[PDB]
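Undergrad: Provided herewith is a single structure, encoded as structure tokens, for subsequent inquiry.
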Amino acid sequence: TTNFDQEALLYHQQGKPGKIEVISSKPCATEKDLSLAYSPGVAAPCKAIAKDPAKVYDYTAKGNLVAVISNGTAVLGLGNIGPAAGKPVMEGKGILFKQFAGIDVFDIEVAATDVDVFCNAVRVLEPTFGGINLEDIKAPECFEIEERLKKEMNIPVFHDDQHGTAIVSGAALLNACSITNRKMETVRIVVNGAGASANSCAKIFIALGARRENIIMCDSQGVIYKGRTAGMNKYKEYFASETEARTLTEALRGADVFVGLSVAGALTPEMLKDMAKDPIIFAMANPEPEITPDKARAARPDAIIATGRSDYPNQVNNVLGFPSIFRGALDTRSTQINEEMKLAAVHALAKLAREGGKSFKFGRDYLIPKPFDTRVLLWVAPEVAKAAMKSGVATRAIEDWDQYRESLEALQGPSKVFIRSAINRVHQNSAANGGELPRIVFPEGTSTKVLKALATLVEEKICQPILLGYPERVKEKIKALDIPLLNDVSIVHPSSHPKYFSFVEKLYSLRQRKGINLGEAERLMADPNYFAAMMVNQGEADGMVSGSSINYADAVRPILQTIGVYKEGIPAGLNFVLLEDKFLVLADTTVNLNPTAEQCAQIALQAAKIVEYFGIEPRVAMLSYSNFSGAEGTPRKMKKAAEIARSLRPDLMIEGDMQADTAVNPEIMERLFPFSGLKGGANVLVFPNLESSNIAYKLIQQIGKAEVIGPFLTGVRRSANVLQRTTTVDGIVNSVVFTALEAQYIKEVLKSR
Amino acid sequence: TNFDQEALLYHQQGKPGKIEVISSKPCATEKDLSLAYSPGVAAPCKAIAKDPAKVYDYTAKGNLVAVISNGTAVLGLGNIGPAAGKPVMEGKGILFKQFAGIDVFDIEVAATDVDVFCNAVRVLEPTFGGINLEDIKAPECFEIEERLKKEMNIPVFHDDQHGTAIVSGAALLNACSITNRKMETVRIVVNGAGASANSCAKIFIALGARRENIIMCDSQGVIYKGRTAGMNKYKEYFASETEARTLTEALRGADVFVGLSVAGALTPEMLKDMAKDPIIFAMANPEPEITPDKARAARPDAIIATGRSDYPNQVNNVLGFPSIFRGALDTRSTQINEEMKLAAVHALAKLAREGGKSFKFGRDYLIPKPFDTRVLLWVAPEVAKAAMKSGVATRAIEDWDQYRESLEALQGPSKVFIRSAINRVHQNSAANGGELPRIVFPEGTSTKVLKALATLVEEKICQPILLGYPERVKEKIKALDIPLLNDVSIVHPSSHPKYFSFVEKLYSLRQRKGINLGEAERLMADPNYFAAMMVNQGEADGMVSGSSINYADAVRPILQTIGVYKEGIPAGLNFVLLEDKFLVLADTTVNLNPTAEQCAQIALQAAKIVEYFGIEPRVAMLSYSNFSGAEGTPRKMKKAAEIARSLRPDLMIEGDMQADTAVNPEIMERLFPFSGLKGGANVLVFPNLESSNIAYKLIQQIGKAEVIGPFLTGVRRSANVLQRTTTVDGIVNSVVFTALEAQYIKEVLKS
Ligand SMILES: CC(=O)SCCNC(=O)CCNC(=O)[C@H](O)C(C)(C)COP(=O)(O)OP(=O)(O)OC[C@H]1O[C@@H](n2cnc3c(N)ncnc32)[C@H](O)[C@@H]1OP(=O)(O)O
Ligand SMILES: CC(=O)SCCNC(=O)CCNC(=O)[C@H](O)C(C)(C)COP(=O)(O)OP(=O)(O)OC[C@H]1O[C@@H](n2cnc3c(N)ncnc32)[C@H](O)[C@@H]1OP(=O)(O)O
């Protein structure tokens, strides 16, 4: 079938099949380690737990192990396809738990559509798990199953499909009512859809203060009125209204809030006209919402809008709810997830939306936190903890809350969140600038890697790409690769660009005494690399990305000739290694073969200032094959480099010469060279020659199991980066994210002066 | 209680428990999640809905085993409960991952009733590729297993029932082969009616024993046909028509005793009256029915197996389930039938009757050791073959070499490289009459060195010789409380008999390099110089230094004393132990800026070492460039590769190239298919000391791979200098490989 589907298929099938693997968190390499992990040593925890059962939480994974359980009768938007065919989404859901709350998950697909047998099978699994996440079970069975297992089991039971939308949209409505000066007891709500999510929406809205009579529920047969027989059951009567309205159009007349849990296009302009002033629209249907935010505001300008789409503001995404909720539950070793806790989550999210460089402004286009916000865990998980204890369902009290947030941050390290946060920041930047995306030029307009990355990139609003090349030939490669998301992208052929000759004049004037006269300037300016560099220089672009298809020197050279270094700056490649507790910055990985002490120092200063952009204390090591010897050669160079750097930046920890492990490992430093002023391990590593840097970062990238992003060109006046030609597509995507950042930053600085 | 306390903290420290579920694929970024979850995840779903079998292609199913228990028969603690059994189930899981690379969900079920238990497990089938029932008390377990085996279409296997049967079965085959018995005539009595017994009888009969020649006993005595007292459906399976009623009566003239019982049950009288060449399987835990020394005291002709590791012929289940399930899953089988269990038995037995060299088949080696790295490669394919032949397989394995490759991928260097080294050292010693390698450690007062030596002498790795003032070294040894080193030889250099002969030698070597006799004497008083000379003159087999001194100062007296072999160059070499492969990095320590020629020779040295471990070396000359050959190191590395290829035309040697280009074959094929390096490189030669040194140290710290070394190559005798940043575990590894280098050199010298 399609391209994206094929990618997903290969994603699941390549290497190890599936998306999860169960590994040891403790040593198990030697026979002794196994004598502790298994017999005869493993008897010790058992004996303990046998005598004091609660201690299962102390000696086993339970305190962080959640079950994602399903019979696959309501998978995503695919319906009743079976448990086995539902296994990939349950593995996926597990991944969300791990990435957002650091929770371990076993995905359990049960072959039981009978409620009775499903519950009998699951109930009895309780000793194994810290909590149960029911997922993708069709209505009305899911209601019966969750209600039953919620009490029969002494660990939390939570069907996300029912309550996620209710919780998140609950927060969104709290804030929207606050903006429009509504009080909920008077708010008239209409819910369209009778799936698993609808009932929980009405209940949560009432828990927040809305009145039942002011809420009207609809399904495929229309308004769910009291006394209806056609297509009803026990649970659809739970919120049947005694309203006179019978069609969807009639329920929404003079209405305040629309909660759409149905089908695309279901909400019509006629319906919109007859809502109350400042109508609140939740169009949560999948794959397309009941109406797009643009159509809704087109019909009625005072509207407030939320979707399940990330393309549009106010995305309600279930990922805002279950990770923090289960987190709070597990850390308090709670017996359930009750209404007090769900409400605690609702309010925590809502409050979070209502409160470095830029930040999202609270308003009609910002009603709830963004999914890639690292603070949701920090804010929500503890309020859930608090609510669990206050309700008495917690069995373990949390006393030190700061210490608790430390424990939560540890769960959210750079290997999980750095890129996520970068992307968010790009979004805060564009949003805070009236929404324009940075204009980024790609001189390699026919590069397969580049076009494929741009698909991802344009879809997620990271930049506005401009491609360079012959328009017919690039439109052709784009069609051959079947990437339709790029039919709008600007394509420019340099020689026929209107600003071409002014560009050549500029290059000429810049390099007329460096071997480039008008003839030659014209020649060079016809080259996309040069044209791109000049667009960036002249402000016709906010940044540029090249080198996907040629060696670094050739790609970087026009950048250095056109844009040049800023005062005292030095052109230098820099990469991030995204580890779990920290990230390391490596420089210079691309430009300088054999930098002097002076040059190494400046590189250090540049990397340092970048690290600071990310709110980290840079701690710098000048790497060598030597430990504090200062011997003739590389040792003296790196020692002097550290000395110079410290003189220009006396506030920073900068040390050298030292070996790499001495540098990154603080115990080694304290045990062997405690006189060193570098403490806590360095996070910035500058190399003595191009061999060491280029080789190190590439090896780490290939055989280490840590993401590394870059190289990023530092030292230059305007925004430009040269990819490693060995890059992957996902690599280019990460690169362009950070180029979008650099571009946004530099544009901001230019607009100040 | 101290071992107990250690185990407790082991479980309590860091993350509670012993397991965590991690992603095997990228899933941090927006794109990655759009593939791991909605909307991309719809694609595999839609596929599986269409063809349920594809659940094996797009999910962990084909490598996921449930270790399921209710905690009614946990280890040797009995009916202790589901929550209390959780630690051993996680543990069992760790064993699955380590011995077969199988992922496991530990499932502790709160159900003592057979019908509800079975109803809960039956319905989990879509989740797992197989079910390993564990620690469920008899007789429930019998009913449960038979039932779920019928009801479920994925393999069902209660290891407690069949493990001892299978392993001791292999053992019995071999023991009978040594003693020239045919199974048809062998008289067996098995003592104990636990979960293990019936399956023992069943497997023995499958191997050729007659039901009539087998007697079962429990606490009340012989299980005869027509006995009523305390019998049940399953104790009837092997009721004998024997006239014997006591155990002692059954064992009279018997060939085999299978003890699945209690300590002391086998007595000299019943033992005296077993047949000639009695076979004793004393597998009670914690203590055997009888110790091997006492059984041989009573009957010298006895062959003995225990469940304990202290003694030869250990019967341990860990030899069974990992390959059994491996074979099962890889053929995507619907069950584990008797045919497969037998395949396991026969393969285990054959493997024992066959690293560089191995053990001697006889009465003290009837089966492989539990930690034999050959087991998975040997057993899993025979299980698979049996699975296919018996029709329970749903996916045929076509290429057996491709399959053994895949199993090697599962049991890669990160799990077994050091293990195999240790085994190889042991077998070298063993094949050479038990002499341990003489390794001299000049830093006799180094705490890190002493701590490593504890493990080293404990594990029969070498004969250490410490250097320093005997007083101060014993003083520190007592201070650190390491009692295993009260026997170790300690030498004060100037007080050694061969001291002056050593100084003369140094003199004659360096009399024209700035050293006359006085100076020679003076230097030879230095432990580093003394150690070097000791190794040189053969008064030691090797040396390891550099724990408390910088590398240059440590390595210099070695190079001045022992020196390089012809055409050789001193070079530091490291291994990176990854999961699919190991990488070799050189030269990581000595040469600041090796020439092309030097880089070539370094390459050759690394190559020969890799070949020593049975790998095809593939060499990349690293640069900041891809096949540019520009002035500078690119040119140097291109030339280096050309020279290497000239000296070893049979090898894949290529350059100049970047590191990702080198280790990654896709990059290479995508960008530089003209190159002669195919399949990724495993030997990486660096253009300078900065790059090599920084690389191995960085990888070691932030990478998640063990890195071992540096090892000094190019020198005439076995000597290595540690990185001063080494940890103690680092020193034990280093000394392992030093022992190997030492053994090898001694062997070639005797030629
Ligand atoms: C991602 C990867 O895999 S990276 C691959 C490994 N790295 C490489 O292949 C690149 C290695 N380095 C080089 O090739 C060279 O140092 C280059 C290309 C960066 C310099 O280019 P050269 O051909 O030597 O001189 P060139 O005229 O092109 O210099 C470019 C411009 O920037 C300036 N410039 C170049 N390098 C520097 C530097 N370290 N510091 C300050 N200014 C510099 C120059 O002055 C020049 O501007 P100007 O001539 O108008 O004054
Ligand atoms: C694990 C880690 O962290 S390593 C840290 C980084 N590595 C280092 O710091 C060591 C840096 N390298 C060096 O300092 C030098 O290369 C050393 C120590 C290897 C040798 O340096 P020198 O001071 O010249 O040694 P020295 O002059 O005493 O001679 C060494 C002996 O070995 C020989 N030798 C030394 N290097 C070599 C070589 N690459 N090739 C062949 N022979 C050599 C010499 O012939 C000499 O013997 P000779 O006296 O008969 O001529």
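Every chain in the structure tokens has a letter given in the order shown (A, B, ...), and although residue numbers restart at 1 in each chain, ligands are simply numbered from 1 in the order shown.
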Please provide as a PDB file with N, CA, C and O atoms, in the first residue's frame all residues within 10 Å of residue B:414, with the sequence filter that same-chain residues fewer than 4 positions apart are discarded (counting only C-alpha atoms).
TA:
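Contents of the output file around.pdb:
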```
ATOM      1  N   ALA A  29      26.284 -11.132  34.640  1.00  0.00           N
ATOM      2  CA  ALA A  29      27.278 -11.578  33.685  1.00  0.00           C
ATOM      3  C   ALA A  29      28.063 -12.757  34.240  1.00  0.00           C
ATOM      4  O   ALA A  29      28.407 -13.679  33.498  1.00  0.00           O
TER       5      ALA A  29
ATOM      6  N   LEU B 410      22.770 -14.396  19.160  1.00  0.00           N
ATOM      7  CA  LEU B 410      22.058 -14.317  20.438  1.00  0.00           C
ATOM      8  C   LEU B 410      23.000 -14.510  21.611  1.00  0.00           C
ATOM      9  O   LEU B 410      22.775 -13.965  22.686  1.00  0.00           O
ATOM     10  N   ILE B 418      34.322 -13.123  27.535  1.00  0.00           N
ATOM     11  CA  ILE B 418      35.158 -13.297  28.707  1.00  0.00           C
ATOM     12  C   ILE B 418      34.990 -14.702  29.290  1.00  0.00           C
ATOM     13  O   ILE B 418      35.969 -15.340  29.679  1.00  0.00           O
ATOM     14  N   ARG B 419      33.760 -15.207  29.295  1.00  0.00           N
ATOM     15  CA  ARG B 419      33.490 -16.579  29.743  1.00  0.00           C
ATOM     16  C   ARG B 419      34.335 -17.607  29.004  1.00  0.00           C
ATOM     17  O   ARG B 419      34.959 -18.472  29.625  1.00  0.00           O
ATOM     18  N   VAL B 576      36.119  -4.274  22.147  1.00  0.00           N
ATOM     19  CA  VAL B 576      34.832  -3.752  22.562  1.00  0.00           C
ATOM     20  C   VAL B 576      33.863  -4.891  22.393  1.00  0.00           C
ATOM     21  O   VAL B 576      33.698  -5.399  21.298  1.00  0.00           O
ATOM     22  N   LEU B 577      33.226  -5.306  23.476  1.00  0.00           N
ATOM     23  CA  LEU B 577      32.394  -6.498  23.434  1.00  0.00           C
ATOM     24  C   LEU B 577      30.961  -6.102  23.216  1.00  0.00           C
ATOM     25  O   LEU B 577      30.267  -5.740  24.148  1.00  0.00           O
ATOM     26  N   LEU B 578      30.531  -6.134  21.966  1.00  0.00           N
ATOM     27  CA  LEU B 578      29.160  -5.774  21.624  1.00  0.00           C
ATOM     28  C   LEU B 578      28.294  -7.031  21.531  1.00  0.00           C
ATOM     29  O   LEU B 578      28.774  -8.140  21.779  1.00  0.00           O
ATOM     30  N   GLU B 579      27.031  -6.886  21.154  1.00  0.00           N
ATOM     31  CA  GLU B 579      26.127  -8.023  21.226  1.00  0.00           C
ATOM     32  C   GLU B 579      26.237  -8.949  20.040  1.00  0.00           C
ATOM     33  O   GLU B 579      26.157 -10.159  20.205  1.00  0.00           O
ATOM     34  N   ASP B 580      26.426  -8.396  18.850  1.00  0.00           N
ATOM     35  CA  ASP B 580      26.538  -9.220  17.652  1.00  0.00           C
ATOM     36  C   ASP B 580      28.009  -9.547  17.337  1.00  0.00           C
ATOM     37  O   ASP B 580      28.305 -10.555  16.694  1.00  0.00           O
ATOM     38  N   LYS B 581      28.923  -8.684  17.778  1.00  0.00           N
ATOM     39  CA  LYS B 581      30.342  -8.775  17.411  1.00  0.00           C
ATOM     40  C   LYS B 581      31.282  -8.182  18.476  1.00  0.00           C
ATOM     41  O   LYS B 581      30.837  -7.576  19.453  1.00  0.00           O
ATOM     42  N   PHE B 582      32.586  -8.340  18.280  1.00  0.00           N
ATOM     43  CA  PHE B 582      33.512  -7.515  19.040  1.00  0.00           C
ATOM     44  C   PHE B 582      34.340  -6.663  18.092  1.00  0.00           C
ATOM     45  O   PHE B 582      34.644  -7.097  16.991  1.00  0.00           O
ATOM     46  N   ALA B 705      28.892  -0.908  26.642  1.00  0.00           N
ATOM     47  CA  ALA B 705      29.563  -2.127  26.253  1.00  0.00           C
ATOM     48  C   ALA B 705      30.802  -2.298  27.122  1.00  0.00           C
ATOM     49  O   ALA B 705      31.514  -1.335  27.404  1.00  0.00           O
ATOM     50  N   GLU B 706      31.048  -3.523  27.565  1.00  0.00           N
ATOM     51  CA  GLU B 706      32.281  -3.785  28.264  1.00  0.00           C
ATOM     52  C   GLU B 706      33.415  -3.580  27.286  1.00  0.00           C
ATOM     53  O   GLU B 706      33.327  -4.035  26.143  1.00  0.00           O
ATOM     54  N   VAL B 707      34.485  -2.930  27.738  1.00  0.00           N
ATOM     55  CA  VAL B 707      35.690  -2.834  26.927  1.00  0.00           C
ATOM     56  C   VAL B 707      36.859  -3.381  27.728  1.00  0.00           C
ATOM     57  O   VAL B 707      37.067  -2.981  28.879  1.00  0.00           O
TER      58      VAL B 707
END
```
Undergrad: Could you list, as a list in words, all residues that come within 7 Å of ligand 2? Count only C-alpha atoms and all ligand atoms.
TA: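 Within the 7 Å cut-off, the matching residues are residues 625 and 626 of chain A; 513, 551, 552, 553, 555, 556, 559, 560, 563, 564, 569, 570, 588, 589, 590, 591, 592, 689, 693, 710, 722, 723 and 724 of chain B.
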Undergrad: Within 9 Å of residue B:184, counting only C-alpha atoms, which residues qualify if same-chain residues fewer than 3 places away don't, as a ChimeraX atom specification?
TA: /B:181,187,205,207-210,213
Undergrad: If you keep N, CA and C atoms, can you produce a file of those selected residues as a PDB file, in the first residue's frame?
TA:
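Output saved as selection.pdb:
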```pdb
ATOM      1  N   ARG B 181      26.387 -50.840  29.189  1.00  0.00           N
ATOM      2  CA  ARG B 181      25.034 -51.317  29.420  1.00  0.00           C
ATOM      3  C   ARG B 181      24.143 -50.948  28.266  1.00  0.00           C
ATOM      4  N   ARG B 187      18.542 -51.710  35.379  1.00  0.00           N
ATOM      5  CA  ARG B 187      17.569 -51.600  36.464  1.00  0.00           C
ATOM      6  C   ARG B 187      17.729 -50.305  37.266  1.00  0.00           C
ATOM      7  N   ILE B 205      12.440 -44.596  29.715  1.00  0.00           N
ATOM      8  CA  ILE B 205      11.817 -45.608  28.881  1.00  0.00           C
ATOM      9  C   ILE B 205      11.933 -45.220  27.406  1.00  0.00           C
ATOM     10  N   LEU B 207      14.255 -43.653  26.124  1.00  0.00           N
ATOM     11  CA  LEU B 207      15.654 -43.916  25.810  1.00  0.00           C
ATOM     12  C   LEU B 207      15.969 -45.421  25.707  1.00  0.00           C
ATOM     13  N   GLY B 208      15.014 -46.277  26.045  1.00  0.00           N
ATOM     14  CA  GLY B 208      15.210 -47.699  25.853  1.00  0.00           C
ATOM     15  C   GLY B 208      15.022 -48.588  27.066  1.00  0.00           C
ATOM     16  N   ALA B 209      14.818 -47.982  28.231  1.00  0.00           N
ATOM     17  CA  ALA B 209      14.505 -48.740  29.432  1.00  0.00           C
ATOM     18  C   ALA B 209      13.117 -49.390  29.335  1.00  0.00           C
ATOM     19  N   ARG B 210      12.948 -50.476  30.087  1.00  0.00           N
ATOM     20  CA  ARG B 210      11.707 -51.236  30.135  1.00  0.00           C
ATOM     21  C   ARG B 210      10.952 -50.827  31.386  1.00  0.00           C
ATOM     22  N   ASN B 213      11.717 -52.823  34.412  1.00  0.00           N
ATOM     23  CA  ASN B 213      12.999 -52.658  35.090  1.00  0.00           C
ATOM     24  C   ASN B 213      13.108 -51.402  35.958  1.00  0.00           C
TER      25      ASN B 213
END
```
Undergrad: Name the residues of stretch 402-638 of chain B that fall into strand (DSSP E) according to DSSP on the backbone, using the chain letters and numbers of this document, as a PyMOL selection string.
TA: chain B and resi 438-441+463-467+489-491+542-545+571-577+582-586+618-622
Undergrad: Go through the chains and note each residue within 7 Å of ligand 1, using only C-alpha atoms and all ligand atoms, then give the set as number ranges by chain.
TA: A: 511, 514, 551-554, 556-557, 560-561, 564-565, 570-571, 589-593, 694, 711, 723-725; B: 624-625
Undergrad: Determine, counting only C-alpha atoms, which protein, DNA and RNA residues have an atom within 10 Å of an atom of residue B:566; residues of the same chain fewer than 4 positions away are not included. Present the result as a PyMOL selection string.
TA: chain B and resi 714-716
Undergrad: Mind writing the picked residues with N, CA, C and O atoms as a short mmCIF file (atom, residue, chain, number, x, y, z; two decimals), in the first residue's frame?
TA:
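Below you can see part-v8.cif, which holds the result:
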```
data_model
loop_
_atom_site.label_atom_id
_atom_site.label_comp_id
_atom_site.auth_asym_id
_atom_site.auth_seq_id
_atom_site.Cartn_x
_atom_site.Cartn_y
_atom_site.Cartn_z
N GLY B 714 52.97 -6.98 19.87
CA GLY B 714 54.23 -6.73 19.19
C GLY B 714 55.48 -7.14 19.96
O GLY B 714 56.59 -7.16 19.43
N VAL B 715 55.31 -7.52 21.23
CA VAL B 715 56.47 -7.79 22.06
C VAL B 715 56.69 -9.28 22.20
O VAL B 715 55.74 -10.07 22.13
N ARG B 716 57.96 -9.65 22.39
CA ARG B 716 58.40 -11.04 22.38
C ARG B 716 57.81 -11.94 23.46
O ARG B 716 57.65 -13.15 23.25
#
```
Undergrad: Can you tell me which residues surround residue B:733 at a distance of at most 10 Å, considering only C-alpha atoms, apart from same-chain residues fewer than 2 positions away, and format the answer as an MDAnalysis selection string?
TA: chainID B and resid 418 421:422 452 456 707:709 728:731 735:739
Undergrad: Up to 6 Å from chain B, what residues of chain A turn up? Count only C-alpha atoms and give them as number ranges by chain.
TA: A: 5, 8-9, 12-13, 17-26, 36-38, 41, 44-46, 49-50, 58-61, 81, 84-85, 88, 92, 104, 108-111, 121, 124-125, 127-128, 416, 420, 625, 660-661, 691-692, 694-696, 698-699, 704
Undergrad: Generate a file of the selected residues that holds C-alpha atoms, formatted as a PDB file, in the first residue's frame.
TA:
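The resulting file, out.pdb, is reproduced below:
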```pdb
ATOM      1  CA  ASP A   5       2.542   2.233   6.258  1.00  0.00           C
ATOM      2  CA  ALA A   8       5.839   1.331   9.960  1.00  0.00           C
ATOM      3  CA  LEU A   9       5.803  -2.279   8.832  1.00  0.00           C
ATOM      4  CA  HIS A  12       8.096  -3.346  13.479  1.00  0.00           C
ATOM      5  CA  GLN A  13       9.682  -6.177  11.506  1.00  0.00           C
ATOM      6  CA  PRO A  17      10.631  -8.271  15.825  1.00  0.00           C
ATOM      7  CA  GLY A  18       8.322  -6.111  17.919  1.00  0.00           C
ATOM      8  CA  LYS A  19       8.976  -3.018  19.975  1.00  0.00           C
ATOM      9  CA  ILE A  20       9.885  -4.352  23.402  1.00  0.00           C
ATOM     10  CA  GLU A  21      12.542  -6.397  25.100  1.00  0.00           C
ATOM     11  CA  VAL A  22      12.902  -7.459  28.732  1.00  0.00           C
ATOM     12  CA  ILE A  23      16.308  -6.828  30.223  1.00  0.00           C
ATOM     13  CA  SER A  24      18.090  -7.118  33.547  1.00  0.00           C
ATOM     14  CA  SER A  25      18.434  -4.010  35.710  1.00  0.00           C
ATOM     15  CA  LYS A  26      21.164  -5.661  37.796  1.00  0.00           C
ATOM     16  CA  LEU A  36      22.322 -13.583  43.745  1.00  0.00           C
ATOM     17  CA  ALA A  37      19.689 -13.063  41.034  1.00  0.00           C
ATOM     18  CA  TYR A  38      18.547 -16.702  41.268  1.00  0.00           C
ATOM     19  CA  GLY A  41      20.365 -16.191  46.905  1.00  0.00           C
ATOM     20  CA  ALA A  44      16.190 -14.259  50.628  1.00  0.00           C
ATOM     21  CA  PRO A  45      13.656 -11.822  49.131  1.00  0.00           C
ATOM     22  CA  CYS A  46      11.052 -14.595  48.803  1.00  0.00           C
ATOM     23  CA  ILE A  49       7.904 -11.294  51.153  1.00  0.00           C
ATOM     24  CA  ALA A  50       6.354 -14.492  52.510  1.00  0.00           C
ATOM     25  CA  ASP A  58      10.629  -3.648  47.695  1.00  0.00           C
ATOM     26  CA  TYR A  59      12.343  -6.626  46.092  1.00  0.00           C
ATOM     27  CA  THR A  60      10.474  -6.827  42.752  1.00  0.00           C
ATOM     28  CA  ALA A  61       9.461  -4.708  39.738  1.00  0.00           C
ATOM     29  CA  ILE A  81      -9.923  -7.059  15.051  1.00  0.00           C
ATOM     30  CA  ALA A  84      -3.294 -10.978  18.511  1.00  0.00           C
ATOM     31  CA  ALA A  85      -3.784  -8.285  15.857  1.00  0.00           C
ATOM     32  CA  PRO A  88       1.333  -4.051  18.330  1.00  0.00           C
ATOM     33  CA  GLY A  92       3.142   0.769  21.659  1.00  0.00           C
ATOM     34  CA  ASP A 104       7.567  -0.658  32.806  1.00  0.00           C
ATOM     35  CA  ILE A 108      -1.355  -8.760  27.705  1.00  0.00           C
ATOM     36  CA  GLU A 109      -3.611  -9.860  24.867  1.00  0.00           C
ATOM     37  CA  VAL A 110      -6.347 -12.115  26.250  1.00  0.00           C
ATOM     38  CA  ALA A 111      -8.442 -14.355  23.995  1.00  0.00           C
ATOM     39  CA  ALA A 121      -8.618 -14.571  33.906  1.00  0.00           C
ATOM     40  CA  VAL A 124      -6.130 -13.397  39.269  1.00  0.00           C
ATOM     41  CA  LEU A 125      -3.082 -11.742  37.719  1.00  0.00           C
ATOM     42  CA  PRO A 127       0.182 -10.392  42.357  1.00  0.00           C
ATOM     43  CA  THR A 128       2.222  -9.665  39.234  1.00  0.00           C
ATOM     44  CA  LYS A 416      14.036  10.465  26.492  1.00  0.00           C
ATOM     45  CA  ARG A 420      11.137  16.353  22.377  1.00  0.00           C
ATOM     46  CA  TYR A 625      46.035  10.987  25.760  1.00  0.00           C
ATOM     47  CA  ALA A 660      38.604  10.950  28.290  1.00  0.00           C
ATOM     48  CA  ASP A 661      37.413   8.624  31.058  1.00  0.00           C
ATOM     49  CA  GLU A 691      40.886  12.633  13.876  1.00  0.00           C
ATOM     50  CA  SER A 692      39.993  12.167  17.520  1.00  0.00           C
ATOM     51  CA  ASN A 694      35.397  12.974  14.087  1.00  0.00           C
ATOM     52  CA  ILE A 695      36.145   9.316  14.807  1.00  0.00           C
ATOM     53  CA  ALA A 696      34.888   9.473  18.435  1.00  0.00           C
ATOM     54  CA  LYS A 698      30.953   8.575  14.736  1.00  0.00           C
ATOM     55  CA  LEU A 699      31.867   5.448  16.699  1.00  0.00           C
ATOM     56  CA  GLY A 704      27.199   3.014  21.555  1.00  0.00           C
TER      57      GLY A 704
END
```
Undergrad: Could you name the residues that touch residue A:360 at 12 Å or less, counting only C-alpha atoms, but leaving out those on the same chain fewer than 3 positions away, as a list in words?
TA: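 Answer for this query is residues 313, 314, 352, 353, 354, 355, 357, 363, 364, 365, 366, 367, 368, 369, 370, 373, 424, 425, 426, 427, 428, 429, 430, 431, 432, 433, 434 and 435 of chain A.
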Undergrad: Name the residues of stretch 484-634 of chain B that come out as helix (DSSP H, G or I) in a backbone DSSP run; write them as a PyMOL selection string.
TA: chain B and resi 484-485+493-495+499-510+517-524+527-537+551-561+596-612+633-634
Undergrad: So what do you get for atom CA of residue A:447 versus atom CA of residue A:712, distance-wise?
TA: 19.6 Å
Undergrad: For residue A:93, list every protein, DNA or RNA residue within 9 Å, evaluated using only C-alpha atoms, and leave out those in the same chain fewer than 4 positions away; present the list as number ranges by chain.
TA: A: 68, 88-89, 97-98, 105, 107, 135; B: 36-37
Undergrad: To one decimal place, how far is atom CA of residue A:743 from atom CA of residue A:718 in Å?
TA: 7.8 Å
